[PDB]
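For reference, the structure is listed below as C-alpha cells.
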Amino acid sequence: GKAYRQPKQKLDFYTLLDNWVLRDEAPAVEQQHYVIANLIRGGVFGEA
Amino acid sequence: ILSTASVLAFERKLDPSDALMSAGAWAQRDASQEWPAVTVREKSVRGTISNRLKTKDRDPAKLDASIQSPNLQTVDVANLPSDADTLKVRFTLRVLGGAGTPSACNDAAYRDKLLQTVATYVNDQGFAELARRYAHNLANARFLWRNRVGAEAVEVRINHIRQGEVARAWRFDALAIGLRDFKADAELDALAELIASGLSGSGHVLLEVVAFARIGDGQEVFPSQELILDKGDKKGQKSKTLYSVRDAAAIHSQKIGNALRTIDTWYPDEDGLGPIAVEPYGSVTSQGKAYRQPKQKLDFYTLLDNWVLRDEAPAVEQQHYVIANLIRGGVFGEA
Amino acid sequence: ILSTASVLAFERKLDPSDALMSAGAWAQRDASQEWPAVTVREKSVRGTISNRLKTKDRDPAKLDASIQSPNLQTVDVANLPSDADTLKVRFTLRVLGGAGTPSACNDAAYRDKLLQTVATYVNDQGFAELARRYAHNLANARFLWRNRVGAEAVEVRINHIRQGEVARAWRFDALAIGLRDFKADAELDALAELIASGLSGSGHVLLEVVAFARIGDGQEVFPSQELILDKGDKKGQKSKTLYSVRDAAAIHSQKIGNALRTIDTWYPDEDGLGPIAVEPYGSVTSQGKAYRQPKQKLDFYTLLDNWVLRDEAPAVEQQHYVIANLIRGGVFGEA
Amino acid sequence: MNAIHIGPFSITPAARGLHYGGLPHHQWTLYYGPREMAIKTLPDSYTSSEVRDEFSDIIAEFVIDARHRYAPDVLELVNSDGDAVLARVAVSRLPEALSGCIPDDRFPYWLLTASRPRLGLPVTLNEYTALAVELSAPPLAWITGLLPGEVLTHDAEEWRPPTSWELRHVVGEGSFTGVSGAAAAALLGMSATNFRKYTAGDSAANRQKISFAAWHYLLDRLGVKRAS
Amino acid sequence: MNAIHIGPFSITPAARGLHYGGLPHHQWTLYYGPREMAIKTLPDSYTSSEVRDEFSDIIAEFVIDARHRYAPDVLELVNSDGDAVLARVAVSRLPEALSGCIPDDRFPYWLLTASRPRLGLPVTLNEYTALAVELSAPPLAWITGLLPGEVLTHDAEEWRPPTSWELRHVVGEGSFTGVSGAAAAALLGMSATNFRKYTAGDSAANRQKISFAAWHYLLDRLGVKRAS
DNA sequence: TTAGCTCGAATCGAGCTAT
DNA sequence: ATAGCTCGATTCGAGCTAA
C-alpha cells in the first residue's frame, strides 16, 4: 500500500522521462531501464 | 460570377458493412464458414495510480492514500479461444458510382460546373489511381486496425459477389503488401479495375472481404469501442464497452471505411507517416494535428473552389485528393 | 364576381401506410411472410470536423484543438443481417374517389364552380394520365428512396386486395422501369386502369405493395428519420433517430406519398432534370429551388384561380398538375 | 393586429382568429428569420406589450443559448506548476504557436487553453501582453456566431454586405447589442435617416447596402469584432 | 523640371535658373506643406529619382524627429519593490486612476509610468491585461502627432474630414506608412479610382472627401489609431 | 424610437486615359 | 504605383411625415 519511487525523491517515471527527453539529462542506466520498461508496459501518460 | 452553393451535401461511395469477428485455427480457414463468433465478455481490472499528478497530489501521504483506495471497474474484453489462434473478420463492401453528383445542391449553375469538372477529371484520368489505392487498402488488412500489429501471418480474401455467387476470387498476403507503398501487382490491378468499374458506374460490384490473422491462442482481439453514459456505481463502472451486434464482436463500418480511405499520400508534410485518410483539412485523430491546413492552401475546400469556380486546376495528385474527398462525401457548403 | 373561398381544405387521396421494412434472402422472397424485421440499433461514431470553417475557425490551433477533442455521437443505424442480402418493404395503398370535392369551404358558389370544373375535366379527360404516372412510381421502387441507389436488383409486387384476398397480382422489374420516363406497358396499363377506377370513385381499390432489393449482405438500409430534441449531453448526444413502429424499422407514410407523387414533368423548366412531386409552387427542398414560381403563370394557385373563377382553362398538362394537387390534398385557400 | 418586430425576431399573428372559451383569440407565432420558434394562442384584448412579454422568456433563453454556444475560447496564464491561474483572457482566435503542452519548471509563465486537452507554449509577460492585445475578444463577440462568415470577413473580394435581417442583430432596441439606430448612426458619423435606409424592410423602395468600411467600423464600435 | 511630391513633402524647382560653374543649375526647395525646410541648388542633368535621393536624408531626419517627439507614453509593470520591470507596454492614453505612487510589499504587482515622477496603480495580472488591451498603442501611433486633433477625434459633431495633404501623411508611396493607394483602397474595400479622388489635389473636377467611418477604419487598418 | 419618404448633391464603381 | 478623367448608378444629408 505504499509507493516506492515517490515524485518527491525525483525517481518516478514521469520526472525521469521529462529530464531525459526535455533537459537531455540522462539518468543512471538502471533508471533508464526502468523508464523503458514503463514504455514497454504501456500507459495513458500525459495529463492536460 | 458563379459563386459556390450554400448546400453541397454528398453521399458516400464505398459503403462497408459492420465487420464481424469470428475465431478458429490456421490451415482450417478454408472451412471457416462455421467458425464460432468472438464473444464480448466481462472481466474485472484493478488499477493503481499511473497518471500524472498536478503538483498537489504528489504528496507522499496523499499518493499512498490514493493507493489504499484502488479503482475497481469491469471492462468489456474480447479474446480468442485458448484452442484458436486465427481471427476471422468478414464484411461486405459496395461501390456505387456517381461521385461528382451531389445529393443536395442549392445552385444549378454551380451544380453544372462541378459536374463538368468531375467529368473532365474522369475523362482525363478515370478512377484508376484512387481505385488502385482503395484495392491496396483492401488487400492489406488496414481495416484490421490493432489486430494486425502483432499478427504473424495475415491473409485477406476478397470475392466479387455478382448474383449472390462468387464471380471472381482474390487471395492476398496482407503482410507482403505493406501499409506504406502503393506498388503495382496483377491481382491488385484486377481488383483496381473492378473498383474502377464500380466508381465509374459501369456496373454493380459487391465485394465480400474476409481477413484471417494468426495472432495466437487465447490472445486479445480489438473490436470497436462504444460510448459509456458514466452513470452507474464506481465499482461497477463499465469503463470500457465493446461493440457487438448479436453476441458477436464487431468493428464499426465507418472505421472500416476510414481504413480503406487511407490513400492520401499527397499532403504537404513529409512521407514519414505515410498515407492518411482522405478527409477535409487532412485530420488525423492519433496525431491530433491537421495536415493540409487551410493556411497552406492545400485543403479540400480551397482546392475545390479554385478548381470549380475559377478554373484553376491543381496538380493531378491534388485532383486525386479532391475526387477521393468527393467519394468520401460530406456536408460541404456554408451552413 | 365569384371570389375565392376563404378555406379550401382538401382530404388526401392515395392514402398510404407506414412502410415496414424487413430482411431476408433472394430466391426465398416468395415465402417472405415470416422474414425477421429490420431492427433499429445504436452504434457509437467518432469524427473530426469536415464542414467549411467560418474563416474564424481557419486558425490552425483551433482546428488542431477540434481534432484533439473530436465530437462523439450515438446514432440509430439500420442494417441487414450478416446472412441476409435482401430487404423487403411492405405498405398498403388506398385509392379514393371524389378528388375535387373539398372537405371544408366557405362559399357554396365557389365549391359548385370548382366541382363543375373538376367534373368537366374528368369528362373531357379522366384520371387516365395521372393514374398512369402513379402506377409507375409504384412500379419503380421510388419509395425505396436510398434503398434503390446501389441495389443490384429491385422488383416490386403489387396485389389488389378485394375481400381480404388477392384479386390481381402484379410483378415488375423496378430497375427496368426507370425513374425518369413514363413509357407504356400492358401490366402497367392494367394497374393504371385500376388506379383510375379508384380515383374515379367507381370502385374500392386497396393495394398491397411489396418491394425486394439486393442492397447486399449485411449492408446498411435507410429508414425515415425523426427530430432530435437535443436535451442530453454532448457526448451521448443521440444525433440521429430512425423511425420504427413496433420495433421494425419503417418509412413514414408521407415519404411514400411524396415518392408516388413524383409525376410532375410539366414545370416550365426542362423535364430532363426529372419528374417532381406535385406541390403548390413546385418546391424541391434538396435543390432549394421553386419550379412553377408564382411570378410565372404556372403555379397551382394562379392556375386554379384562372380555371375556376374566370374560366381560363390551362393546357391539359397544367390541368393534370392542378388535378394532381387536388388529389394530393392540402390546406388551400387564403386566410 | 400587426406583426411585432423585436430585433431579428418577429411575432406575426394569424390572419383568421378563433374563440377559446367565450373570448376571441389569435395564434401568435415567433420567428427568427425563417425559423419558427414558438406559437401561442393569445386573447384579442392583449396589446402589443403583452404579446411581446409572452415571448420575452423564449427570446431570453435564445439569447442565453447563443451566448453560451458562441462564447469565445479562453486562454489561461499559469505558473510553472500549471495549477494556479494568474490571468484569463478570452480570445477571438488562438495563437498559431499552440501545441500540446504540459507546463515545466524551465519557464516561469505558460499560456494555456481552457479546453481539457490543453494547448500552449512558454510565454513571457511582454509576449503574453502582446498576444492578449492583438488577440482579445470584444465583450459581444458571441454575436458573430449568429452571423455568416461572408459578412464578417476582412477579405473585400469574399465580403458580402449584410441584409436588413442581419443588420437587425446589432442595430435595434430588440437586438443583441441594445443600441438604437440613431446611436448606431452617431457611432458612424452618419445621418439617422441614411442609417434607417440600411435597416429598411423589404416593403420599401429606398434601400441602401452598407459599405465594407462602414460595416466593419460599426462592428468595431459596437464591441462585436476587432475591438480586443 | 517637375515638382517631385513625396507623400506630404514636395520638392519644387525654381522657375528661373543659374549657371554655377558652367553647367546649368536650378534651386530645388523642400517643403513640408506650407513649411520650408531646405534650398539646394542642383544641376539640370540630375533625374527626379536622384534629386529624391539628394533630399532623402533631410526627410529621414524629419521622420526620426517626428517618431521620437510623438512617441506614446510607456507604462511599466513592476514587482513589490519597483526595481525590476517585468513587462512594458506603450499606451495611447494613461489609465484613469493613476496617482503618484511608490511600490510597497502589500501588493505584488504595480503599474507605474516611465516618467520619473512615477504615477502608479496597484493591479493584478488580469486587470493589468485588461488595461493593456484597452489602452494599447498602435505601432505607427506617432503619426497622430503630425495630424490635427479635429481629424482624429471620435466625436462625429466635432470631426473634420482630412484634406489631401493630411491624407498623404498615411497613404501614398512616400507616406509615413508606406502603403500605396491601391492597398489603402483594398483595405477599405473600395476601388482605387475612388481613393484617388480622395488623394487628388488641385484638380477641382471630381475631388471627394473621406467619411468618418472610412477615415477611422483606415486609421485602424494602417496601424495609426484605434488599435489598442 | 421605429419606419419610412423625396430631392438635389455628393459619392461610388468601372470603364478609359496620362506619366 | 502615380495621377486624373467621364458616366450612369448608388449613396448621402436634411428636410418631411407617420407612429
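Ordering of the C-alpha cells sets the chain letters (A, B, ...); residue numbers start at 1 within each chain; ligands are numbered from 1 in the order shown.
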Requested in this report: Could you tell me, as a VMD selection string, which residues of range 8-227 of chain D DSSP assigns to strand (DSSP E or B) when given the backbone?
Outcome: chain D and resid 9 to 13 18 to 20 23 to 32 35 to 43 74 to 78 85 to 91 99 to 100 110 to 113 119 to 122 136
Considering only C-alpha atoms, extract the chain B residues located within 9 Å of chain C and return them as a PDB file with C-alpha atoms, in the first residue's frame.
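File written: iface_13.pdb
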ATOM      1  CA  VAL B   7     -25.903  23.441 -49.659  1.00  0.00           C
ATOM      2  CA  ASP B  15     -20.135   1.605 -48.422  1.00  0.00           C
ATOM      3  CA  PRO B  16     -18.837  -1.026 -45.966  1.00  0.00           C
ATOM      4  CA  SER B  17     -20.866  -3.114 -43.538  1.00  0.00           C
ATOM      5  CA  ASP B  18     -20.103  -3.911 -39.922  1.00  0.00           C
ATOM      6  CA  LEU B  20     -17.905  -9.418 -37.663  1.00  0.00           C
ATOM      7  CA  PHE B  91     -17.510  -7.553 -44.082  1.00  0.00           C
ATOM      8  CA  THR B  92     -19.099  -6.652 -47.415  1.00  0.00           C
ATOM      9  CA  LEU B  93     -18.188  -3.587 -49.485  1.00  0.00           C
ATOM     10  CA  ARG B  94     -20.410  -1.935 -52.102  1.00  0.00           C
ATOM     11  CA  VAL B  95     -19.004   0.537 -54.640  1.00  0.00           C
ATOM     12  CA  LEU B  96     -21.672   2.850 -56.026  1.00  0.00           C
ATOM     13  CA  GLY B  97     -20.549   5.284 -58.709  1.00  0.00           C
ATOM     14  CA  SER B 103     -27.139  14.735 -53.143  1.00  0.00           C
ATOM     15  CA  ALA B 104     -28.261  18.313 -52.416  1.00  0.00           C
ATOM     16  CA  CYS B 105     -27.276  21.457 -54.313  1.00  0.00           C
ATOM     17  CA  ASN B 106     -28.671  24.976 -53.955  1.00  0.00           C
ATOM     18  CA  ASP B 107     -27.227  26.437 -57.171  1.00  0.00           C
ATOM     19  CA  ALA B 108     -27.940  24.848 -60.548  1.00  0.00           C
ATOM     20  CA  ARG B 162     -22.457 -10.909 -58.598  1.00  0.00           C
ATOM     21  CA  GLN B 163     -25.751 -12.829 -58.278  1.00  0.00           C
ATOM     22  CA  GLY B 164     -25.210 -13.964 -54.711  1.00  0.00           C
ATOM     23  CA  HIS B 204     -22.757  -3.049 -59.913  1.00  0.00           C
ATOM     24  CA  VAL B 205     -19.957  -4.520 -57.792  1.00  0.00           C
ATOM     25  CA  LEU B 206     -20.272  -6.032 -54.310  1.00  0.00           C
ATOM     26  CA  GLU B 208     -17.058  -9.699 -49.710  1.00  0.00           C
ATOM     27  CA  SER B 224     -14.527  -1.096 -31.935  1.00  0.00           C
ATOM     28  CA  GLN B 225     -15.264   0.635 -28.633  1.00  0.00           C
ATOM     29  CA  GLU B 226     -18.599   2.229 -27.717  1.00  0.00           C
ATOM     30  CA  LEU B 227     -19.661   5.154 -25.508  1.00  0.00           C
ATOM     31  CA  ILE B 228     -20.415   4.871 -21.788  1.00  0.00           C
ATOM     32  CA  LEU B 229     -23.047   7.131 -20.235  1.00  0.00           C
ATOM     33  CA  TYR B 243     -19.182  -3.170 -29.998  1.00  0.00           C
ATOM     34  CA  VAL B 245     -24.393  -6.720 -32.892  1.00  0.00           C
ATOM     35  CA  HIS B 252     -17.881  -0.218 -36.859  1.00  0.00           C
ATOM     36  CA  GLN B 254     -17.148   3.790 -40.510  1.00  0.00           C
ATOM     37  CA  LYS B 255     -13.873   2.508 -39.037  1.00  0.00           C
ATOM     38  CA  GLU B 279     -10.645  13.999 -45.025  1.00  0.00           C
ATOM     39  CA  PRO B 280     -11.098  17.748 -45.447  1.00  0.00           C
ATOM     40  CA  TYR B 281      -8.279  19.531 -43.591  1.00  0.00           C
ATOM     41  CA  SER B 283      -7.242  15.390 -39.984  1.00  0.00           C
ATOM     42  CA  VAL B 284      -5.502  12.506 -38.207  1.00  0.00           C
ATOM     43  CA  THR B 285      -7.046  11.630 -34.848  1.00  0.00           C
ATOM     44  CA  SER B 286      -3.998   9.850 -33.402  1.00  0.00           C
ATOM     45  CA  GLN B 287      -1.519  12.647 -34.153  1.00  0.00           C
ATOM     46  CA  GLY B 288      -4.029  15.300 -33.074  1.00  0.00           C
ATOM     47  CA  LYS B 289      -2.955  17.577 -35.926  1.00  0.00           C
ATOM     48  CA  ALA B 290      -4.131  18.633 -39.377  1.00  0.00           C
ATOM     49  CA  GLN B 293      -4.001  23.165 -43.315  1.00  0.00           C
ATOM     50  CA  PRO B 294      -6.261  25.808 -44.906  1.00  0.00           C
ATOM     51  CA  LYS B 295      -3.427  28.294 -44.330  1.00  0.00           C
ATOM     52  CA  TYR B 301     -12.223  23.410 -49.874  1.00  0.00           C
ATOM     53  CA  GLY B 330     -19.805  15.110 -46.596  1.00  0.00           C
ATOM     54  CA  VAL B 331     -21.870  18.174 -45.796  1.00  0.00           C
ATOM     55  CA  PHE B 332     -19.915  20.736 -47.774  1.00  0.00           C
ATOM     56  CA  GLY B 333     -21.119  24.259 -48.329  1.00  0.00           C
ATOM     57  CA  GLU B 334     -21.869  27.073 -45.915  1.00  0.00           C
ATOM     58  CA  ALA B 335     -24.427  26.088 -43.282  1.00  0.00           C
TER      59      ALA B 335
END
**Report entry** Length of the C1' of residue 4 in chain F to CA of residue 35 in chain D vector [Å]
**Finding:** 26.6 Å
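Minimum atom-to-atom distances from B:32, B:62, B:278, B:111 to chain A were compared using only C-alpha atoms, and the lowest value belongs to B:62.
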Requested in this report: Select residues of chain D: the criterion is any atom within 8 Å of an atom of chain G, counting only C-alpha atoms (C1' of nucleotides); output as a ChimeraX atom specification.
Outcome: /D:191,194,208
